[PDB]
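One protein chain, two forms: both are listed below as structure tokens, the first as structure 1 and the second as structure 2.
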Structure 1
């Protein structure tokens, strides 16, 4: 009994960043994962490799090893469905814990090396290879959504701006006017990549969902 496909991401004909995974959601939890993985056909002119990752019982994603090439076509087939999407520029954001910087390159060209404040030792920014997941102009940052009561000393509730989600567990690149004096100097946030309002705005306006975000 094979579970039916609910959806594929990205949408047909979208232009996404070069770290955008192919996400396939199913109508039911999947019992035979290998069968689902065999059913998923991904084609790209550069014959990119990658691996499957099961992120919910009914959701699998294919993460391209070393990024898609910029400006390429990617074809996806799974069951009765086919679709195609493209990549845009290679816009890479590298957040450096030690250097306290967020450096952004387009197609190899370094665009900006912005001051940043990453997570404090007790709420560190996860090292890893991530991608831009969403763009929100205004977002409420509620510590309750990361398992912290408002009253506890690590709690907080504040509206933030120019927010780009980095991880499913809630790291963001965003505007942090309150930590400008720390940016480039110290790591003072609850895990987020903190930028000045102007740098955050710039990046917000430059970024595409899928664009790689590296934390080193």
Structure 2
């Protein structure tokens, strides 16, 4: 079961647990206002309906085991294909509307509602590593700085960008990296 014990995460962070109805029954999310959500699939995860309440203690019961974590500030990022922005708000107020490169017109950033999965100060991205040659237009070999993993499928926040990834200036990517915490909502919309 993840997040780990005591871990202070953001508000889009799902709980991950490693008959489909039968293990669902053996799990329950206990919150101060009994927050509702649903199961999504092995390994099953539970997502809150409109997020977690900020600064709320969450405990997960799964069988004879209970574990609990905390939520911090409500820091929300929204990526607009059409506005060409990444906008980061924290508790209502917006901190930065930042210009962003969201994929490329061939492969723009996939619409969805996600969370920051991890933080890596620099990450090298070689298309050869997943079977894509460098002589391709959708090919690359670069070091990404201040990379925040959006999806399992390879979107990173870190312009002809491939894999759907989100590109910002270094000043803005550094800040978001500073601002963001594991769990924070990243929203891809129009």
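Only residues modelled in both forms are compared. For the two forms, the rigid core is made up of the largest set of C-alpha atoms that agree within 1.5 Å on superposition. Positions refer to the first chain, counted from 1.
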| field | Core fit, then residue 144 C-alpha moves 2 Å or more between structures 1 and 2 | value | yes
| request: Just grab the Cα shift of residue 95 between structures 1 and 2 for me, core aligned, in angstrom. | output: 0.7
| field | Per-residue Cα shift, residue 121, between structures 1 and 2 [Å; core superposed] | value | 2.4
| said: Once both forms are aligned on the rigid core, what are the runs of 3 or more consecutive residues with C-alpha shifts of 2 Å or more between structures 1 and 2? | reply: 142-153, 186-190
